[PDB]
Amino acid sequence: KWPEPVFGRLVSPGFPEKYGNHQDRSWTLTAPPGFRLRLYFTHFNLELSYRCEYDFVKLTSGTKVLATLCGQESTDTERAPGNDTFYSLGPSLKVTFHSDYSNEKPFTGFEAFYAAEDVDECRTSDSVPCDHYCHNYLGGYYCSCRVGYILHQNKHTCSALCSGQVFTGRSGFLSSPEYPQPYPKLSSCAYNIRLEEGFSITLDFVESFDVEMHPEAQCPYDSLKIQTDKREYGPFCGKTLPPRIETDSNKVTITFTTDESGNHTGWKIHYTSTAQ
């Protein structure tokens, strides 16, 4: 029915007595997904050989050779456990004991203990899986984002809430989120300047303009586009303030989309109005 927590004890054959010659032991330990295995030795004493060729206790996790332990104390070519802690790479860990044909001294083998352990994905690896807040739990983790933001479909990146602010004043200011700091990733901002009939809106790119532009592809990454009831403008990208735009419309919509990477600082617009 319900599965017991994974933990146990591994020893050399006949422990605490001496271990024999021509012996082989192997254990394949497996934790649930989201869990890894913690292993350590309370006792260790084997035959010393170059690269631990003769007798050895090897720890592997799939293809990765985690350890090859021999002797009593570590050398420049051989390693002894001591009270060090060994962790599996993933939920799996294989432990193998081997002895050759002879043992000059009565080497007394090993005693080691293991237990399943929750992987803390929030502290593992400077390569944070979460854009804003990381939340760890037994056998998993998830991301959240701060105020004015929402968790993206990818369950990691945090998109800004920068859509649906309607401007109705004769003049005002628009800007990418966090301006003049780098605008957030995978965000879709929608600005709507709606004025009464008889007015014309004018847009002025002020201060700074830094939307991600890469060579001979124009703006396939981040895109700043302008739409009126008469025409379209954009996509505007680059590092130079775009020229003044005198729309002959009382309603103007500005859309700003971003990709998955970049530290570009964005844009800022001052809009004004004139009468007929």
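From 1 onward, residues are counted along the sequence shown.
Asks: None, 1 to 3, 4 to 9, or 10 or more: how many residues of the deposited sequence lack coordinates between residue 125 and residue 126?
Replies: Gap size class: 1 to 3 residues without coordinates, per the record.
Asks: Mean CA B-factor: is it higher for 202-210 or for 164-172?
Replies: Higher mean C-alpha B-factor: 164-172.
Asks: When the C-alpha temperature factors are averaged for each of 9-17 and 248-256, which stretch ends up with the higher value in the entry?
Replies: Result of the comparison: 248-256.
Asks: Per the entry's Cα B factor values, which of 187, 96, 157, 75 stands out as the maximum?
Replies: Comparing C-alpha B-factors across 187, 96, 157, 75, the maximum falls on 75.
Asks: From 218, 28, 45, 42, pick the one with the largest CA B-factor in the entry?
Replies: Comparing C-alpha B-factors across 218, 28, 45, 42, the maximum falls on 218.
Asks: Residue 136: which third of its chain by C-alpha temperature factor?
Replies: Ranked within chain, residue 136 CA B lands in the lowest tercile.
Asks: For residue 102, return the chain-relative third of its C-alpha B-factor as stated in the PDB record: lowest, middle or highest.
Replies: For residue 102, whose C-alpha B-factor we compare with every modelled residue in the chain, the answer is the highest third.
Asks: When the deposited Cα B-factors of this chain's modelled residues are ordered and cut into thirds, is residue 92 in the lowest, the middle or the highest one?
Replies: It belongs to the highest third of the chain when residues are ordered by C-alpha B-factor.
Asks: Would you mind ranking residue 84 by its C-alpha B-factor against the rest of the chain and naming the third, lowest, middle or highest?
Replies: As the PDB entry reports it, the C-alpha B-factor of residue 84 lands in the lowest third of its chain.
Asks: Among the chain's modelled residues, which third holds the C-alpha B-factor of residue 197?
Replies: It belongs to the highest third of the chain when residues are ordered by C-alpha B-factor.
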